[PDB]
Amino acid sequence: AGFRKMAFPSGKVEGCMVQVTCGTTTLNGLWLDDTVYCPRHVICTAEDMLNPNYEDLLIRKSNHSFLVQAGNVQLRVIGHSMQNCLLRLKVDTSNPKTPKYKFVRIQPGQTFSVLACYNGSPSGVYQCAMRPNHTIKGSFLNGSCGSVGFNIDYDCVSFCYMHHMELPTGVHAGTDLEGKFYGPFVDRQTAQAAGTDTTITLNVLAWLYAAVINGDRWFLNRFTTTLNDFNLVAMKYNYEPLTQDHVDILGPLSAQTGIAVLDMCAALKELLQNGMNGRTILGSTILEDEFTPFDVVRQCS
């Protein structure tokens, strides 16, 4: 009956974390086989932060401009290139700890685990969601850049995020492992701000299914709703519109619990309009939107 935000076990990723230094700038990098990936802004310095030309800044560097440390062991850079907002450093050794892996670009609403690292040393792990506004409500201090986000399924590590910056509101922005930014953000210290965010409707619904599979039915009601009537309440409470694709995704959870999706949507509409009055769902006093339908299945095994 207990229900937590669970992170994937971080071992396979810990073994890939390294420190990358260029001048007086140190940050984290990801060491897979004989390549080290890291934010290209390692190459920036004090002044050229508001307006960096990365092409110009990189042509002035050599393979020994980059110092790369796995543990206290040093690795030799034997070649380098820039791919979008990432550096790709070729090194003399293949990481003997390289897991089976892939690079994936996740979509908003999807969740992943972040291994927060400082100077190439893993310090903490937590579960995150890609917000509709392409930021993450993470926890990153000075020296956290190059920390990665990932999912794991049977020993295959899907990398999906690398950390680059904190925005003024305190939220975090970064790239896939290609690394193209998620969202309209750039790796220069300018006036960029997160757009307005929305609650992830599909996840709230998934999580209400989890509450029922877990035994609790108090919020359910005798009513139903149409998609369009739901989306009017959604629009007022700043929830993403529900689509037919979302309704289909909720199929398996709907069948398992015997509660129709639009009936669950009626239940949610009632929770939105009437509040929760002193009560909790799966331990929470708020409607949780950072568990996907896939997360619900796995944790309600």
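Basically, rigid core = biggest C-alpha set you can superpose within 1.5 Å across the two forms. So that there is no doubt, residue numbering starts at 1 and follows the sequence shown.
Original post:
C-alpha RMS from this form in 4 other deposited structures of this protein, rigid core superposed: larger for 44 to 52 or 236 to 244?
Top reply: After superposing on the rigid core, the more displaced stretch in 4 other deposited structures of this protein is 44 to 52.
**OP:** Select between 5 to 13 and 276 to 284 the stretch whose C-alpha atoms have the higher average B-factor in the entry.
**Re:** Averaging CA B-factors over each stretch, the winner is 276 to 284.
Original post:
For the C-alpha atoms alone, is the average B factor greater in 104 to 112 or in 190 to 198, going by the entry?
Top reply: For C-alpha atoms only, the mean B-factor is higher in 190 to 198.
**OP:** Please pick out which of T243, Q256, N28, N238 has the largest Cα B-factor as recorded in the entry.
**Re:** Largest recorded C-alpha B-factor: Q256.
**OP:** Kindly indicate the residue among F223, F159, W207, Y182 with the greatest C-alpha B-factor in the PDB record.
**Re:** That would be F223.
Subject >> Entry-reported Cα temperature factor of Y154, expressed as the chain third it lands in >> reply: Highest third, going by the recorded CA B-factors of the chain.
Original post:
Mind checking which third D248 falls in for C-alpha B-factor across the chain?
Top reply: It belongs to the lowest third of the chain when residues are ordered by C-alpha B-factor.
Original post:
According to the PDB entry, is the CA B factor of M130 in the bottom, middle or top third of its chain, that is, lowest, middle or highest?
Top reply: Within its chain, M130 is a lowest-third residue by C-alpha B-factor, going by the deposited values.
**OP:** Consider only the C-alpha atoms of the modelled residues in this chain, order them by B-factor as the entry records it, and name the third containing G174: lowest, middle or highest.
**Re:** For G174, the deposited C-alpha B-factor lands in the lowest third.
Original post:
Thinking about Cα B factors across the chain, which third does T24 belong to?
Top reply: Within its chain, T24 is a highest-third residue by C-alpha B-factor, going by the deposited values.
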